[PDB]
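Protein chains in written order, with the authors' numbering: chain B, 548 to 596; chain Y, 27 to 66, 81 to 141, 158 to 176, 187 to 209, 217 to 242, 263 to 327, 330 to 349; chain H, 597 to 620, 638 to 672, 687 to 828, 853 to 1140; chain V, 853 to 942; chain P, 745 to 794; chain G, 993 to 1041.
Quick reminder that beta carbons are idealized off the backbone N, C-alpha and C, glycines included.
This report refers to the structure that appears directly beneath it.
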Amino acid sequence: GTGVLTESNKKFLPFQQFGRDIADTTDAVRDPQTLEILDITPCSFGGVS
Amino acid sequence: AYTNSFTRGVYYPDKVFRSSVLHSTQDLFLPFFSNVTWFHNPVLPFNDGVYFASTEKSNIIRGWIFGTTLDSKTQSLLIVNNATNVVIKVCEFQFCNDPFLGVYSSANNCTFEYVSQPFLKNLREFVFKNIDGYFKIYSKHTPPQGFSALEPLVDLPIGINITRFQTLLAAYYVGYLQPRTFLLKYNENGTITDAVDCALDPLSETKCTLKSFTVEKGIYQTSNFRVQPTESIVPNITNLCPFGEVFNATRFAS
Amino acid sequence: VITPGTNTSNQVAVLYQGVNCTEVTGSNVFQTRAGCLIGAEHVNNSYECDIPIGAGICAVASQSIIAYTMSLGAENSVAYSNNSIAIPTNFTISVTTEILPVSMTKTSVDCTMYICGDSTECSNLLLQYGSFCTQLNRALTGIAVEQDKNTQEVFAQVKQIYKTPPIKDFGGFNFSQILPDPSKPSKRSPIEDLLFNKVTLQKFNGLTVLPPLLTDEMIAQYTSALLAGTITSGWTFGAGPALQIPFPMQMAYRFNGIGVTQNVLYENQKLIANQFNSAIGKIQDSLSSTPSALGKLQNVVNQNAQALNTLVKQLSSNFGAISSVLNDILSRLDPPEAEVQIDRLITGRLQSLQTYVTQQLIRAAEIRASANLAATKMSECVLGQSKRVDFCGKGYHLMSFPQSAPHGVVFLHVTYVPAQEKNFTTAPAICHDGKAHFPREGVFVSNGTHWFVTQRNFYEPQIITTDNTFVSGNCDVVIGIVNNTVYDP
Amino acid sequence: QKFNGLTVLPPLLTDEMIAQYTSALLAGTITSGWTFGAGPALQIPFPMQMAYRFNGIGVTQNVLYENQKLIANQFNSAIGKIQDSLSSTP
Amino acid sequence: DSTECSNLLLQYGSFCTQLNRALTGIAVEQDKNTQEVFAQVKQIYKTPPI
Amino acid sequence: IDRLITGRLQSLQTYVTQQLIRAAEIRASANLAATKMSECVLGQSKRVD
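In structure tokens form, the structure reads like this:
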């Protein structure tokens, strides 16, 4: 994916590898090697008026 | 024997965190309120997945075997719990007539092995599925009414075909998974707290249609009734080709 | 599936739409002409509809689900005869509400980020589809600029921001539930507070939600200006300058415009005030203690949400081609053959985006029709007093108030309802000479013995004099005419 | 009138019930006038109802009574004429 | 009644449940239209017999 | 098959879009008829024609 990773306070269960949203888009991921939970934000966009 | 399998045997299907949501998924599940078989140890089919449950006090059940013929022609799985390590082998074993833990005699052609930290008024539930060469074991141990979701344990890349299985060894329960769609309720902490079987009764069809656990008063279209055809039914045969005077002619030719 | 809601029971009935009841869990089947109803018990006692089935059948009542032919209402024969009228002797003042949606959320969806993400293979293969995406963004931009026009033509009908005077002496009327509350933030009325708390309302792959041009703090300032203008000046500020007038005198104008004389207001000014204050306080409860009163505002929100939720969930569809993920198809296949699967995914996602935009365009027309209706109701009901019946609530319209709600407006229509009538005897005219007398304004009633003139909408009987009648011809041609004295003053 | 995927759902109000609504509205306005649309239906004799409706278009009330039998005759002959405006030209 | 695009059609996503949603919205709106036009009396008035 | 699916589904979408436009037209006409039943039948209307 493409996005901004930030530190997150979402508590995963010890088998769940990545979060998801009610659109079924992945908005969190546990990284391996340290098992931190990382949020995913889309890289900021918008029109130019 | 038979027992009702009330709302029991729901497992986390996909290792995905989901928070405060109602996710509707289609996977092999044990249907709600089915007839689970109660046993007090025969071979049993595996047809497409097996739910297993056992209540005990003194770890009397110690593992399982899985396979196709269990006769050293094809490889078979052997899951055995010691007191401290659980051992999972995939080898071409020869099985005894009544295997109980000396079953492991003549362990040949061992194509997989694995050892980990062990399993097991304290009901222990397991779900075994065998999809695309992967053997998935889900379990939960809890102190059979009520709801509890089965965390996964292992996902072994064994690649072997399984048709039958058998418990090694005083009572347990064996149920069979079916390709049914559910609606699972994921908590704020990501755990499953409730589920709805979308073909159990019409009310659960509405709950799966609306993607809600509470429906409001009204009339809701859920599905399509459609009568299926039972038979198949197909010009007064009239003009036979004149093979008689070709074959029963009184005089033939040079 | 007929259900009475899972907060009442878990019984359901099942309607099979349009099949005979010979073609199939069986308890008590019932043929309906709408289908086959299984699980509902057919009764003969007709009631009022709550779960509509079809062809006249409706459907829990005393721990079972029934199915009845619905009733249209209570039958009454009103006691008609030649020479009898009923005249009201009292009234109620009824404040009803009307909730109208005004605007939607101004979404805008970029194609190239939606349909192609960041894959330049997808983008370069999308350029050959032409001007579909500038068409789609032009359509959604037209919708979005129309939403702000909807809001400002509903609410911004005051040139000036009026303020109610700091002492609230309106003759006994208590507009405290509709005037803004300064002792709280956001400066909203109690009713506008419960309208915002009872409506319960996301930036991803292509979607962006433009904020509305008028903030809610500004829409509430418009609607407090409209309230202060109506309270302090009446209808005079919708026409020209705001001409102040005391609120009982304004309400006496407004009885005088529904045909009731203005002494009926003053001589009952306390009672009327109390009825107003008790009817304006039940709006608070009838919204608070009744969910799904704001359903007309709610569905709009829900529909827009699920349209977006069907758009985003349409991204995870294969549409044919082997994967719905744009990266797992560039790193799978060779690109003289990858760009037939990419193209298949483009035409699937483009038709999904285009059908979303066509659903948006055709739903924004509904909201524009409703916003035109709300602007008409603000102009005619709030800024004036309508004579057009049931346009501003049931009853003879007195005056009405706006309240801002999220993406909509709530009108509190104060109407005059006649009440506790009694029947009398009437004549078309009264002959006291060889001349026939007709009432100037009003009608000739009889209490059984003597004859009177009342106004038509409120029973106050006067003596029939020559200054509330007029003569026309002899008392020969009027079919049905009584002889009673007409007292010359 | 259904073959393949398409079904025609019957309306919730049958034509008997729509005709019962229509007779309810129409018997309300004959016997009570406009008063049944606001509050309770207050009965009023139909000449005296119609005189109010002349008085609402600026014609005074005596124009009704002094021409009442004329007005009833034009009314009946105009509703008799409106069957023939639909039982004829398509 | 063929299974072969009860499988290919599922690959097209939620198009056949969006169209049904639209048509049932139209159908509920038709009954709302008739109810709004005709059901404007609480009571069923009856004309006198003579 | 997929050619026939993308033909018939597009034909169905065209039907549903035409029906949604025609339903909008009939809802406008039905709102007009409800207004005429209110103002013309249940009262006496001063609005010209």
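Nearest-angstrom Cα separation, counted from residue j out to residue i
| i | j | result |
| --- | --- | --- |
| residue 1038 (chain H) | residue 712 (chain H) | 23 angstroms |
| residue 288 (chain Y) | residue 644 (chain H) | 34 angstroms |
| residue 84 (chain Y) | residue 854 (chain H) | 52 angstroms |
| residue 313 (chain Y) | residue 160 (chain Y) | 57 angstroms |
| residue 1135 (chain H) | residue 898 (chain V) | 23 angstroms |
| residue 193 (chain Y) | residue 319 (chain Y) | 35 angstroms |
| residue 614 (chain H) | residue 277 (chain Y) | 33 angstroms |
| residue 758 (chain H) | residue 739 (chain H) | 12 angstroms |
| residue 286 (chain Y) | residue 280 (chain Y) | 6 angstroms |
| residue 961 (chain H) | residue 135 (chain Y) | 54 angstroms |
| residue 1003 (chain H) | residue 748 (chain H) | 20 angstroms |
| residue 721 (chain P) | residue 51 (chain Y) | Since the displayed chain P opens at 745 and closes at 794, residue 721 (chain P) lies outside it and no answer follows. |
| residue 295 (chain Y) | residue 891 (chain V) | 44 angstroms |
| residue 903 (chain H) | residue 917 (chain H) | 7 angstroms |
| residue 559 (chain B) | residue 1050 (chain H) | 58 angstroms |
| residue 966 (chain H) | residue 572 (chain B) | 10 angstroms |
Classification of residue i by the beta-carbon crowding that lies within 10 angstroms, buried from 16 upward
| i | result |
| --- | --- |
| residue 336 (chain Y) | exposed |
| residue 1011 (chain H) | buried |
| residue 871 (chain V) | exposed |
| residue 882 (chain H) | buried |
| residue 551 (chain B) | exposed |
| residue 940 (chain V) | exposed |
| residue 563 (chain B) | buried |
| residue 28 (chain Y) | exposed |
| residue 867 (chain V) | exposed |
| residue 264 (chain Y) | exposed |
| residue 1058 (chain H) | buried |
| residue 1083 (chain H) | buried |
| residue 92 (chain Y) | buried |
| residue 64 (chain Y) | exposed |
| residue 1101 (chain H) | exposed |
Same chain, Cβ closer than 6 angstroms to residue i, neighbours up to 5 away in sequence not counted
| i | result |
| --- | --- |
| residue 912 (chain V) | none |
| residue 31 (chain Y) | 60, 62 and 268 |
| residue 865 (chain H) | 778 |
| residue 1108 (chain H) | 910 and 911 |
| residue 612 (chain H) | 648 and 649 |
| residue 1129 (chain H) | 1079, 1080 and 1087 |
| residue 171 (chain Y) | 125 and 127 |
Paired residues, beta bridge with residue i - DSSP
| i | result |
| --- | --- |
| residue 790 (chain P) | DSSP, once it has assigned bridges, lists no residue as partnering residue 790 (chain P). |
| residue 858 (chain H) | H:736 |
| residue 224 (chain Y) | Y:205 |
| residue 711 (chain H) | H:1076 |
| residue 52 (chain Y) | Y:274 |
| residue 190 (chain Y) | Y:94 and Y:207 |
| residue 279 (chain Y) | Y:47 and Y:285 |
| residue 891 (chain H) | Answer by DSSP bridge pairing: none, since residue 891 (chain H) is not bridged. |
| residue 82 (chain Y) | Beta-bridge pairing links residue 82 (chain Y) to no other residue. |
Check whether residue i and residue j have beta carbons under 8 angstroms apart
| i | j | result |
| --- | --- | --- |
| residue 926 (chain H) | residue 719 (chain H) | yes |
| residue 995 (chain H) | residue 971 (chain H) | yes |
| residue 997 (chain G) | residue 752 (chain P) | yes |
| residue 692 (chain H) | residue 794 (chain H) | no |
| residue 1110 (chain H) | residue 715 (chain H) | yes |
| residue 893 (chain H) | residue 887 (chain H) | yes |
| residue 238 (chain Y) | residue 105 (chain Y) | yes |
| residue 225 (chain Y) | residue 202 (chain Y) | yes |
| residue 619 (chain H) | residue 1015 (chain H) | no |
| residue 575 (chain B) | residue 963 (chain H) | no |
| residue 729 (chain H) | residue 1029 (chain H) | no |
| residue 54 (chain Y) | residue 88 (chain Y) | yes |
Close Cβ partners of residue i (< 7 angstroms) along its chain, the five nearest in sequence each way excluded
| i | result |
| --- | --- |
| residue 799 (chain H) | 920, 921 and 924 |
Residues near residue i in its chain [Cβ-Cβ closer than 8 angstroms; skip 5 each side]
| i | result |
| --- | --- |
| residue 242 (chain Y) | 81, 100, 101, 102, 140 and 141 |
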